[PDB]
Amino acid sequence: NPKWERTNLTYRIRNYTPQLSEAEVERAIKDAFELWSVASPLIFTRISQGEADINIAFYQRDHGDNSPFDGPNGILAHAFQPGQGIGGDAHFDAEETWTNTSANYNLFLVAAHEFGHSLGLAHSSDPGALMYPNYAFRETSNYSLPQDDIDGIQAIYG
């Protein structure tokens, strides 16, 4: 069970996607981290300089980590289990259409799912859980962590 030994973690947005404004990308990420924060003792702090626990970036095909992206559709992003260096980091496929609406693909939703991986959660078998191994849009306004996911982080961090 790889998990963070610390509760205050830092994250850093290394690059942005041209598809949305910087503020939009930052808002999506912030909201995505908040989902998890309200159900655990984890506190996330955004940094702009230096080394952060969770590095977030948009990359194309080969990007230096044994898991190149596949272009439009297919895998949308990937994250690393809690750990030093690359651990906890999340990479988003730069070739995907990134949105903040119902159109594929909503960044807030994909990001929330990736952060679950970054936190140590595995995939869930419950089709209504954020951690279910498939992307499906759900109303983002006032969206909150589903029941199963709350049980998930809870089981790890309390």
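In this text, the rigid core denotes the largest set of C-alpha atoms whose superposition between the two forms falls within 1.5 Å. Start at 1 with the first residue shown and count on from there.
Next on the checklist: Superpose by the rigid core and compare 9-17 with 137-145; which one moves more, by C-alpha RMS, in 9 other deposited structures of this protein?
Outcome noted: This comes out as 137-145, the stretch further from the shown form in 9 other deposited structures of this protein.
Item to check | Entry-level comparison of average CA B-factors, 107-115 and 42-50, reporting the higher stretch | outcome: Averaging CA B-factors over each stretch, the winner is 42-50.
Checklist entry - Comparing 96-104 with 64-72, where is the mean C-alpha B-factor higher? => result Taking the mean B-factor of the alpha carbons in each, 64-72 is higher.
Next on the checklist: Per the entry's values, where does residue 126 land by CA temperature factor relative to the rest of its chain, in the lowest, middle or highest third?
Outcome noted: It falls in the middle third of the chain.
Item to check | Relative C-alpha B-factor of residue 27, binned into the chain's lowest, middle or highest third | outcome: Top third by C-alpha B-factor.
Item to check | Third of chain Cα B-factors occupied by residue 2 | outcome: For residue 2, the deposited C-alpha B-factor lands in the highest third.
Checklist entry - Taking the C-alpha B-factors as the PDB entry records them, is residue 11 in the lowest, middle or highest third of its chain? => result Lowest third - that is where residue 11 ends up once the chain's C-alpha B-factors are sorted.
Checklist entry - residue 136's Cα B-factor: lowest, middle or highest third of the chain? => result Top third by C-alpha B-factor.
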